[PDB]
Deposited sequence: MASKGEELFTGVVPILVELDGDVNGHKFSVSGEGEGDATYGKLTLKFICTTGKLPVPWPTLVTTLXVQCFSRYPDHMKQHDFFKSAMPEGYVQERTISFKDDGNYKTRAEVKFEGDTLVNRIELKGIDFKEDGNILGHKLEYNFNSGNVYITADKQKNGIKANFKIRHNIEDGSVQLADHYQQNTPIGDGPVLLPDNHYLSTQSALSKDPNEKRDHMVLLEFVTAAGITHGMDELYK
């Protein structure tokens, strides 16, 4: 659980995706320091051009790195499931467009924290904001509202992401999420609270592959 996260932990992310028949893979590498809620990762589309905008994959591409204040430590489901880990499932509904369904397994492999994801996108509009690549390369501040799901010995979350459209508008992405432990050990089921995130997206000027450099800070809040 928590003791596994007192220092800097290497992270690996592997994603297999199919969006309207457009198949792609992403590999990511980096590290997290949960003491500071800090994530630093670089993602590469190992199959060529990514067929969706990178910002639409940020949420899919390790909430165990959230900074939980000491006074909220009893509410940290995500680290409590480690090292065996948890399954994270979402439906991401893009307003007036298609949806992503994701399934991910997050666990330790040796001293590395691994996020293995399958992503399936359907009902996208061929030159909507997603398949038509009309979204700005940025990602806004928001809140992830978590509640306990005692029935499944896990948690649920809901939240809205607003992606900036190059024309000045916004593309809403409604997120519904469920997490459940993989292992048999006891887990921490939290009182209602939220995660607050700050995200910065950049490019490696020496990288020729389609990629995303991502810096996030994530803090739990909502109980004081």
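Missing segments of the deposited chain sequence, listed N- to C-terminal: According to the deposited record, C-alpha coordinates are absent for 1-4, 66, 230-237, which together make up the missing parts.
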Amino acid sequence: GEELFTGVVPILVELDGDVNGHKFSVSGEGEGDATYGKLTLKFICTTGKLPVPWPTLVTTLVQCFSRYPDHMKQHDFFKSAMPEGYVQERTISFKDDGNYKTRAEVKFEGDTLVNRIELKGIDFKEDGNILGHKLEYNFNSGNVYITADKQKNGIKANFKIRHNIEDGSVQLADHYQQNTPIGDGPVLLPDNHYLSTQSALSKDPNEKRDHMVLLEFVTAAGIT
From here on, numbers count along this sequence of modelled residues.
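Stretch with the greater mean C-alpha B-factor as recorded in the entry, comparing 141-149 against 111-119: If you average the C-alpha B-factors of 141-149 and of 111-119, the larger mean comes out for 141-149.
Stretch exceeding the other in mean C-alpha B-factor - 159-167, 52-60: It is 159-167 that shows the higher mean C-alpha B-factor.
Of the residues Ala104, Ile130, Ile92, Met72, the one carrying the largest Cα B-factor as recorded: Highest C-alpha B-factor among the listed options: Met72.
Cα B factor band for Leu189 (lowest, middle or highest third within the chain): It belongs to the highest third of the chain when residues are ordered by C-alpha B-factor.
B-factor third for the C-alpha atom of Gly98 within its chain: Its C-alpha B-factor, which the entry lists for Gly98, ranks in the lowest third among residues of this chain.
Ranked against its chain, the third holding the CA B-factor of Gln178: As the PDB entry reports it, the C-alpha B-factor of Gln178 lands in the lowest third of its chain.
For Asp18, the third of its chain into which the C-alpha B factor falls: According to the entry, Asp18 has a C-alpha B-factor in the chain's middle third.
Among modelled residues of the same chain, the CA temperature factor third for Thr197: Its C-alpha B-factor belongs to the middle third of this chain's values.
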